[PDB]
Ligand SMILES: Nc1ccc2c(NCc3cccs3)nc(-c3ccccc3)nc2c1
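This document opens with one chain alone, in structure tokens, the form deposited without this ligand.
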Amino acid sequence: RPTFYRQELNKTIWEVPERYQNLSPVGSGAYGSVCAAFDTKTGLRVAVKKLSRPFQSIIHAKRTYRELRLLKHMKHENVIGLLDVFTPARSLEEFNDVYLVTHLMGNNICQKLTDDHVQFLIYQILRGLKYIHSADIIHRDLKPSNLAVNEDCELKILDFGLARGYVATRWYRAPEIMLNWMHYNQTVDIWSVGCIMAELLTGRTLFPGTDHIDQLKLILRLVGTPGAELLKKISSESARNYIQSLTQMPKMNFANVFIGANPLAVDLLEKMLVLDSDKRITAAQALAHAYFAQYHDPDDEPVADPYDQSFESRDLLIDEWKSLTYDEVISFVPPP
């Protein structure tokens, strides 16, 4: 057991091994806080996430276990990976706190904004999402503040998950999940990618809605109102009656909206930003789109090892989720 030390940052106590130094706050929300730091065992910059009161409720405890399990499993160049996990506790009996560590990579709109760099950035997002989806995980939260990039334009997907330069989750959300239209699939995340790629091409947020009603209004102005075939798939009656009450909107010509852009970029956006999630392109199909010809390699776009989510079905007490989390802390082995 290393020697720990204590300090207070923004009214939050941090008790961490002495190898982690110069802690500097990055972000904070209801569920936790993140600091940047230097790891003197390696000479590298890291980020440390402290969960707020991880075992104070069932929701907290199960979220804590969910995140540690998933982060321990993620082993992909375009997804966050876990360098370390630790607790100042010396026994289960005083286990009250959880800290997670990753290498510090840091979007904020990589040096130049060329079509080449948009290609590479969106390519890496799709490559990481193919991996995440193959583990039967839906991100649900994709947005520019959940992407990490370095000076070489390499990118990783993460999820702060803190309930935190303003970037609203709703701006990048697919309408079927934002408004509980229907049972939704993994391509909700592809909608978010389309929104991100559009912003990289135009310099502005595609759909900056101020609430869910305005968000839907902005979306339908581009993609048009649902026709009769999709309305029949909107199984929520309240949502269907609302949409049918609206002034109908035509689908816009994307070549005019994104004037000046690579025609292959426009075509890809046309396949991502479609209301019908049965027709929206998947991450693996998008990787094969001609926009990515200079990066796509179907032999270097790997999938995840199988990921056991049977714990999600279990209805457990705080102290049981706590014990399972402690098991996972104790068994962690840092990568090479």
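All residue numbers refer to positions in the sequence shown, first residue = 1. C-alpha atoms forming the largest set that superposes within 1.5 Å between two forms make up the rigid core.
Asks: Would you say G106 is commonly dropped, meaning unmodelled in a third or more of the other compared entries that have residues on each side of it?
Replies: No.
Asks: Look at the other compared PDB entries that model both sides of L230, then say whether a third or more of them leave it out.
Replies: No, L230 is modelled in every other compared entry.
Asks: Between residues given as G106 and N107, how many of the deposited sequence are not built: none, 1 to 3, 4 to 9, or 10 or more?
Replies: Count of unmodelled residues in between: 1 to 3.
Asks: Gap size between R164 and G165, counting deposited residues with no coordinates: none, 1 to 3, 4 to 9, or 10 or more?
Replies: Missing residues, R164 to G165: 4 to 9.
Asks: Of 85 to 93 and 193 to 201, which one has the bigger average CA B-factor?
Replies: The stretch with the larger mean CA B-factor is 85 to 93.
Asks: State which stretch shows the higher mean Cα B factor in the entry: 62 to 70 or 307 to 315.
Replies: Taking the mean B-factor of the alpha carbons in each, 307 to 315 is higher.
Asks: Please work out which residue in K130, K217, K156, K232 has the highest C-alpha B-factor recorded for this crystal structure.
Replies: Highest C-alpha B-factor among the listed options: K232.
Asks: Name the residue from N241, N146, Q111, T225 with the greatest C-alpha temperature factor listed in the entry.
Replies: Highest CA B-factor of the listed options: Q111.
Asks: Can you work out whether the C-alpha temperature factor of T282 puts it in the lowest, middle or highest third of the chain?
Replies: CA B-factor rank for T282: middle third.
Asks: Looking at the temperature factor on the CA atom of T169, which third of the chain's modelled residues does it land in?
Replies: For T169, the deposited C-alpha B-factor lands in the highest third.
Asks: Among the modelled residues of this chain, does the Cα B factor of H183 put it in the lowest, middle or highest third?
Replies: Its C-alpha B-factor, which the entry lists for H183, ranks in the highest third among residues of this chain.
Asks: When the modelled residues of the chain are sorted by Cα temperature factor, does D141 land in the lowest, middle or highest third?
Replies: According to the entry, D141 has a C-alpha B-factor in the chain's lowest third.
Asks: Looking at the C-alpha B-factor of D211, is it in the lowest, middle or highest third of its chain?
Replies: According to the entry, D211 has a C-alpha B-factor in the chain's lowest third.
Form solved in complex with this ligand: not shown, discussed below.
Asks: Report open or blocked for the site once this ligand, placed as found in the bound PDB entry, has been superimposed by the C-alphas surrounding the pocket (blocked: 3 or more ligand atoms within 2.4 Å of a backbone or C-beta atom; open: none).
Replies: This form leaves the site blocked.
Asks: Would you check, heavy atoms only and a 4.5 Å threshold, whether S235 touches this ligand in the bound PDB entry?
Replies: So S235 counts as contacting this ligand.
Asks: Going by a heavy atom distance of 4.5 Å, is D278 a contact of this ligand in the bound PDB entry?
Replies: It does: once this ligand is placed as it appears in the bound PDB entry, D278 has a heavy atom within 4.5 Å of it.
Asks: Does any part of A261 reach within 4.5 Å of this ligand in the bound PDB entry? Heavy atoms only, please.
Replies: Taking the distances in the bound PDB entry, the answer for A261 is no, it never comes within 4.5 Å of this ligand.
Asks: Is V257 close to this ligand in the bound PDB entry, meaning a heavy atom pair under 4.5 Å apart or at it?
Replies: No, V257 sits far enough from this ligand in the bound PDB entry that none of its heavy atoms falls within 4.5 Å.
Asks: Could you work out which of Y123, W171, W181, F86 is the residue within 4.5 angstroms of this ligand in the bound PDB entry, going by heavy atoms?
Replies: When this ligand is considered in the bound PDB entry, the option within 4.5 Å is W181.
Asks: Would you mind picking the one in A239, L200, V167, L92 that has a heavy atom within 4.5 Å of this ligand in the bound PDB entry?
Replies: Among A239, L200, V167, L92, a heavy atom within 4.5 Å of this ligand in the bound PDB entry occurs only for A239.
Asks: Within 4.5 Å of this ligand in the bound PDB entry - does that hold for a heavy atom of every one of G194, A265 and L268?
Replies: No.
Asks: Which of 202 to 210, 225 to 233, 115 to 123, 248 to 256 has heavy atoms within 4.5 Å of this ligand in the bound PDB entry?
Replies: That would be 225 to 233.
Asks: What residues, if any, in 240 to 254 have a non-hydrogen atom within 4.5 angstroms of this ligand in the bound PDB entry?
Replies: Residue within 4.5 Å: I243, and no other.
Asks: If you fit the rigid core between the shown form and the other one, which of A89, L222, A135, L82 ends up with a C-alpha shift of 2 Å or more?
Replies: Going through each option, the one that shifts is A89.
Asks: Taking the rigid core as the frame, does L324 move its C-alpha by 2 Å or more between the shown form and the other one?
Replies: No; that C-alpha moves by less than 2 Å between the shown form and the other one.
Asks: Would you say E270 moves its Cα by 2 Å or more between the shown form and the other one, aligning on the core?
Replies: No: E270 shifts by under 2 Å between the shown form and the other one.
Asks: Cα of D39 displaced 2 Å or more between the shown form and the other one, core superposed?
Replies: After core superposition, the displacement of the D39 C-alpha between the shown form and the other one reaches the 2 Å mark, so yes.
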